[PDB]
Amino acid sequence: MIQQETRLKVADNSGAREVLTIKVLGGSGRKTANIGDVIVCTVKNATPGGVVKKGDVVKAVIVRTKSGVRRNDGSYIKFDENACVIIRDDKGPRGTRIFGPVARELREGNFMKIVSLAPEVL
Amino acid sequence: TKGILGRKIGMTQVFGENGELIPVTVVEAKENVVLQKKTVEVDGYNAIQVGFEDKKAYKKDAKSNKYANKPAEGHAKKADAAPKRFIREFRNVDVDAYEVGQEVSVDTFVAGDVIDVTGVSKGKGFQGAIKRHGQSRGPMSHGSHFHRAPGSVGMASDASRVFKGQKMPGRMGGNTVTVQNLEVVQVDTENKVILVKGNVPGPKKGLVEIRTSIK
Amino acid sequence: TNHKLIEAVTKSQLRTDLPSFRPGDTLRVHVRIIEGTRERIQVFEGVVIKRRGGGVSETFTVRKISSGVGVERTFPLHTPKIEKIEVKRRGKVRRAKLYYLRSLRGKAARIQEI
Amino acid sequence: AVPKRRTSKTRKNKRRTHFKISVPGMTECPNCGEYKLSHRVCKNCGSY
Amino acid sequence: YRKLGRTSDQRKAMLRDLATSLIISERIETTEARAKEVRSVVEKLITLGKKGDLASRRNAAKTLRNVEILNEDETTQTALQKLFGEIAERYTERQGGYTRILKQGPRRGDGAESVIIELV
RNA sequence: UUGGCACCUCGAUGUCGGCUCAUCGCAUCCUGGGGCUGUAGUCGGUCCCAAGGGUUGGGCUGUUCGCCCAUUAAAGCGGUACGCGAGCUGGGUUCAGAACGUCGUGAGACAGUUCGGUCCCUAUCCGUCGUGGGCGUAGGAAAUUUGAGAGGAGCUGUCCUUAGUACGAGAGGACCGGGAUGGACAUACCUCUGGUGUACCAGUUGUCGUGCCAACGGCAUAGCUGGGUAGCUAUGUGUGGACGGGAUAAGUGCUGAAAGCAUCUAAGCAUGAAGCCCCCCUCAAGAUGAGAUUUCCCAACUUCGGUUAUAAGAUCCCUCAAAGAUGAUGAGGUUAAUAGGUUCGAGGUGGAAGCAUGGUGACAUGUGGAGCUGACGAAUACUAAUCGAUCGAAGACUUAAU
Ligand SMILES: [Mg+2]
Ligand SMILES: [Mg+2]
Ligand SMILES: [Mg+2]
Ligand SMILES: [Mg+2]
Ligand SMILES: [Mg+2]
Ligand SMILES: [Mg+2]
Ligand SMILES: [Mg+2]
Ligand SMILES: [Mg+2]
Ligand SMILES: [Mg+2]
Ligand SMILES: [Mg+2]
Ligand SMILES: [Mg+2]
């Protein structure tokens with residue numbers, strides 16, 4: 001469950017350290033998001049340098065919610081923080097050094113570049 | 001085709017192909033018999049009626065429902081049968097099958113049939129507008145005294161009455177409702193159960209009506 | 001007979017291969033992952049936080065820290081996508097639900113052996 | 001809040017037609033005494 | 001279970017003082033709902049008395065109030081000693097029951113269904 | 001809309017916005033179908049048909065409005081006392097305080113600002129949302145139904161194939177079809193994930209008490225704290241919208257005169273939409289037209305006036321919950337498993353007390369997945385569902401076939 005005005009850690013070296021969501025894109029009236037959902041968001045704490053800077057409005061994909069996802073075999077997965085990877089409007093990222101574990105459930109959302117730049121996917 | 005009566009035992013889960021967990025409602029569709037065959041030449045419509053759970057015979061000083069009365073003896077005697085607690089008609093079936101007295105067993109369905117399950121709801125009692133209907137409640141602070149009331153009930157003096165269909169409070173209620181396009185996943189012939197995929201209306205030990213999908 | 005039907009129908013899908021564990025125990029869960037290519041097996045080593053209600057819906061939960069980020073993972077105990085469970089290390093706990101480890105990081109989330 | 005009109009003597013008596021009271025149990029005590037209330041043990045003037 | 005029109009502690013204190021006095025006098029006159037609920041209390045407390053070990057002596061004193069019976073010949077036993085000593089010897093063959101509820105008429109101040117609960 | 005008029009109301013028609021709940025128009029915002037195009041395609045433009053459904057979330061402003069950030073298939077316009085305060089707020093403003101600007105000699109004033117400033121009502125009737133009783137339905141009952149009718153539903157994106165095909169110089173890029181999935185919504189349910197769970201389990205502080213130790217008990221929000229069954233629950237699980245038929249709108253025609261021709265119309269004959277009627281889902285014979293099927297029951301006294309009893313059937317009463325404000329509904333009432341108790345479980349808590357051992361101790365370990373366990377499951381008549389009482393039909397005429 002990630003809605004408007006949730007602070008998320010940014011899980012790569014795209015230039016951002018914290019980001020808050022404006023809208024959950026998708027359909028009209030869409031309230032929450034989970035792993036694999038793209039959100040549009042403004043960075044609040046930014047690294048000095050990098051690419052993005054404080055006050056940019058970026059699109060970004062959800063990796064590793066704290067209220068994680070359910071799988072077809074009745075399995076679950078949950079994480080200790082909400083994280084996020086800033087993408088570059090072709091489902092490809094801005095950085096090359098994605099941090100932290102990524103949920104498996106975005107392999108099927110054509111985020112294969114985010115998977116290959118990541119640590120162990122679970 | 002393919003109607004049957006049962007009762008809700010409860011709810012479990014089953015694993016399938018490639019380990020997929022699927023939720024499951026166990027329905028004990030036991031000791032159903034065909035109890036009266038209805039014809040258009042006598043009634044105007046073709047149906048059978050199935051009696052579900054047999055109860056004890058006629059007793060003279062019977063004070064409750066588990067002993068049948070004399071109209072229910074003679075009705076379930078015109079078929080060679082025991083008197084049943086529940087009796088329902090099924091008119092989607094073919095009337096040219098189902099001789100009167102046939103024990104319609106649990107293996108009329110195969111794993112993978114689409115079905116409709118008819119039952120009553122639970123019944124919640126007298127409930128208010130934001131629970132009986134999905135109404136937005138008022139603000140809980142900022143000075144307000146409107147929380148769980150219904151809102152306005154009309155317009156001022158054009159329509160000097162309240163229109164019907166207003167969605168006011170009252171009994172949430174156990175009323176009949178169908179869930180459509182459920183699957184049969186597993187038919188245990190010896191236990192006389194059906195595992196239907198998902199949840200069906202009603203409380204436990206209720207009454208269901210598993211008949212095949214009209215869609 | 002009501003009471004056997006929850007049991008006697010779901011009985012042939014419950015498992016027997018699995019070892020005996022409890023919360024506090026370190027496990028090596030050998031979950032198998034099937035993509036469109038093959039039937040690869042990935043190991044998930046963590047500490048059992050929770051074991052809840054019985055039947056074929058027995059459900060356990062292990063906890064791992066992957067890249068500085070703690071990861072909860074929850075399995076049906078009788079699912080056919082766990083090829084093997086090894087009990088790596090026992091644990092001296094005094095609860096049944098170890099939810100206090102979620103706020104403990106580093107060496108403070110340490111659980112003894114036996 | 002307030003009644004706009006008075007209720008008549010006719011409308012008042014139509015409302016309180018279900019404002020009644022029922023006769024009680026009234027079973028005999030076969031050992032000794034007068035009528036006891038049904039499914040109750042007697043206290044005075046009876047042997048239940 | 002019934003709430004009896006009281007708080008979780010006002011009901012608990014009422015229900016173990018009503019179960020103690022049904023050990024002292026062995027038949028008490030209460031209302032009907034308060035006897036439906038002390039029925040399951042004192043029958044679970046005679047079950048502890050039929051055991052008679054020390055571990056359930058400690059459990060019957062969870063419930064019983066500290067009331068002293070003046071028995072015959074000026075001898076005094078407590079309600080804990082009278083539960084494991086007299087009631088426990090009466091029902092050592094019976095597998096349940098231990099009480100009955102005899103309904104009576106309404107009271108005068110209320111329509112409260114009076115009830116004698118006895119110890120059988 | 002701004003007004004005009006002064007007709008209703010000054011022995012009161014009480015408040016601008018917002019909130020909650022809507023509802024209705026169509027001069028249509030999206031989706032449906034068409035015409036024309038200065039329409040290659042992709043996009044458009046414009047006009048016509050159409051109300052079925054849908055029509056976002058923030059920032060600033062008391063604001064209506066407006067601007068703006070994001071989205072979206074689209075963020076329609078209006079009416080309903082500028083809908084709705086005996087449904088809610090009271091920021092806006094006509095109250096008393098105070099201050100500035102301005103005006104006035106002044107007291108004061110502005111319709112200029114600024115800070116502060118009490119929101120009454122136990123619902124009689126109508127109307128609505130549920131729910132009973134009475135009587136009727138030409139014998140009385142029990143059960144299953146017909147559906148005259150009424151209500152609900154009705155939205156839509158994205159992607160993949162067709163196909164880089166048609167088209168196009170290129171750039172670009174289709175219809176038609178097929179398939180996959182969503183969003184929003186509506187439902188049912190607690191298996192999972194969770195929430196709660198005040199008669200469940202454990203830890204622990206203070207103080208008082210059970211003579212003391214040890215064990216407990218009271219109070220301290222349930223003293224706090226860690227969990228947690230049943231049940232209720234969503235944010236959790238399931239489904240749903242679909243198709244498909246008729247009749248049509250705009251339109252498109254075929255044949256065809258009147259009017260030798262031509263002509264979609266006059267006679268004919270087609271085709272044609274999220275619309276209309278079904279299809280789907282509920283509810284429905286108080287449908288006074290009171291329907292139908294199956295089974296059960298069958299009286300005499302007797303100016304048959306009525307009474308006496310009763311049938312089938314119920315009910316009182318009593319044990320209850322899958323039901324419930326009440327009552328109704330359902331499970332039962334001894335030939336009984338209805339509830340409690342007991343016994344055995346399930347799940348929960350996490351290792352009882354006592355004892356032993358070790359440690360100077362605080363404490364550890366063993367005895368021992370131990371004890372305990374509210375609603376869950378099974379068994380068991382131990383306790384209580386006692387004896388009883390009340391109600392309940394006798395089948396009207398008329399005519400027609402038989
Ligand atoms: Mg709201
Ligand atoms: Mg009003
Ligand atoms: Mg009267
Ligand atoms: Mg207290
Ligand atoms: Mg004039
Ligand atoms: Mg129009
Ligand atoms: Mg008014
Ligand atoms: Mg002033
Ligand atoms: Mg001056
Ligand atoms: Mg103030
Ligand atoms: Mg005290």
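All names here are of chain C. The full count for this structure, using the stated rule, is four aromatic pairs over all chains. Between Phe21 and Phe60, the aromatic rings sit 5.5 Å apart at their centres with planes inclined by 70°, giving edge-to-face as the arrangement. Note that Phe21 is positioned in the loop between α1 (5-10) and β1 (26-32) and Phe60 in strand β3 (residues 59-65), a separation of 39 residues in sequence. Accessibility classification places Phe21 together with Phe60 in one group, the buried group.

Feature annotation in UniProt places "binding site: Mg(2+)" (unreviewed entry) on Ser136 of chain B, given in this structure's numbering. The exposure class of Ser136 of chain B is exposed, given its relative accessible area of 67%.

All right, on to the side chain of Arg7 of chain B then. Residue and element names in this part refer to chain B. Note that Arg7 resides in the loop between β1 (3-6) and β2 (8-15). One polar contact links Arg7 to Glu53, side chain to side chain, over a distance of 2.4 Å. Ignoring sequence-local partners within four residues, the contact set of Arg7 consists of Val26, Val27, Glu28, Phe52, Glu53, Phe86, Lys205, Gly206, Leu207 and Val208.

With respect to spatial proximity, 147 residues lie near RNA strand F, and among them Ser64, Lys122, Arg132 and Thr176 of chain B together with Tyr1 of chain E are the closest. A share of 78% of the atoms of RNA strand F within 4 Å of the protein falls on sugar and phosphate groups. A distance of 3.1 Å separates a phosphate oxygen of RNA strand F from a polar side-chain atom of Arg91 of chain B. In the model, a base oxygen of RNA strand F is placed 2.2 Å from a nitrogen or oxygen of the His39 of chain D main chain. Broken down by element, the surface near RNA strand F gets its largest block of residues, nine residues, from helix α2 (residues 32-51) of chain E. Of the residues that constitute the surface near RNA strand F, the class distribution is 36 nonpolar, 55 polar and 56 charged.

What follows concerns unusual backbone geometry. In this structure, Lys192 of chain B takes a positive phi of about 60° despite not being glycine. For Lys192 of chain B, the location among the structural elements is in the loop between β10 (177-188) and β11 (193-197). Phi angles above zero are rare outside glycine, and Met26 of chain D is one such case at about 60°. Structurally, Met26 of chain D is set in the loop between α1 (9-15) and β1 (27-28).

Ranked by internal contacts, the top residues of the largest apolar core, which has 36 residues, are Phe60 and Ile85 of chain C. Setting aside chain neighbours within four positions, we find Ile85 of chain C in contact with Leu18, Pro19, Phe21, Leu27, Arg28, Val29, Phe60 and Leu77 of chain C. Core analysis: the next-biggest nonpolar cluster, separate from the first, contains 26 residues, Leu22, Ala60, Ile87 and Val115 of chain E among them.

Another point: the pairing of strand β3 (residues 38-46) of chain A. Residue and element names in this part refer to chain A. β3 sits mainly inside the fold: seven of its nine residues count as buried. In terms of strand pairing, strand β2 (residues 16-24) meets β3 through seven bridges, oriented antiparallel. Each residue of the ladder has a partner; that of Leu20, found in β3, is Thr42. In the sheet, β3 pairs with strand β4 (residues 57-63) via five bridges, with the strands oriented antiparallel. Within β4, the position partnered with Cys41 by the bridge is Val58.

Next up on the list: the environment of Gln77 of chain E. Residue and element names in this part refer to chain E. By the secondary structure assignment, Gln77 is in strand β3 (residues 76-78). Aside from chain neighbours lying at most four places away, what touches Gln77 is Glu68, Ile69, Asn71, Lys82 and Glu86. Side-chain polar atoms of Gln77 contact the side chain of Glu86, separated by 3.0 Å.

With that settled, consider the interface of chain E and chain D. Interfaces are often sized by the amount of accessible area the parts lose when they come together. Opposite the five residues of chain E that make contact, chain D presents four residues. Across the chain E to chain D interface the summed buried area is about 410 Å²; carbon plus sulfur atoms make up 62%. Three residues, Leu102, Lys103 and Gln104 of chain E, lead the burial of chain E against chain D; their summed loss comes to 84% of the area buried on that side. Seen at the junction of chain E and chain D, the total is one residue pair in polar contact. Of the residues contributing to the side of chain E that touches chain D, the split by class is two nonpolar, two polar and one charged.

Counting from both sides, the interface comprises 19 residues of chain C and, opposite them, 18 residues of chain A. Taken together, the elements giving at least two residues each to the side of chain C that touches chain A come down to β2 (41-52), β3 and β4 (70-76) of chain C. Examining the composition of the side of chain C that touches chain A, we find that seven residues originate from one element, β4 of chain C, more than from any other. When grouped by side-chain class, the residues that make up the side of chain C that touches chain A number six nonpolar, six polar and seven charged. Direction of pairing for strand β5 (residues 76-79) of chain A relative to β4 of chain C: antiparallel, over a ladder of four bridges. In the strand pairing of β4 of chain C, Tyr76 of chain A is matched with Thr74 of chain C.

Conventions used here
- Residues numbered from 1 in each chain as written, not as in the entry; some residues may be left out.
- Chains lettered and ligands numbered in written order.
- Part of a larger assembly, values for the part shown.
- Heavy atoms only, no water.
- Residues with missing side-chain atoms left out of burial classes, pairs and counts.
- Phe/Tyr/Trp six-rings, centres within 6.5 Å; stacked < 30°, edge-to-face > 60°.
- Helix = DSSP H or I, 4+ residues; strand = E, 2+ residues; numbered from the N terminus.
- Buried < 20%, exposed > 50% of the residue type's maximum accessible area, 1.4 Å probe, protein only.
- UniProt positions renumbered as here; feature names shortened; annotations may be inferred.
- Polar contact = N/O pair within 3.5 Å; in protein donor to acceptor, adjacent residues only side chain to side chain.
- Contact = heavy atoms within 4.5 Å.
- Near = heavy atom within 4 Å.
- Nonpolar A, V, L, I, M, F, W, Y, C, P; charged D, E, K, R; others polar.
- Core = buried A, V, L, I, M, F, W, Y, C linked by side-chain atoms within 4.5 Å.
- Pairing = 2+ DSSP bridges.
- Buried area = accessible area lost by both parts, 1.4 Å probe.

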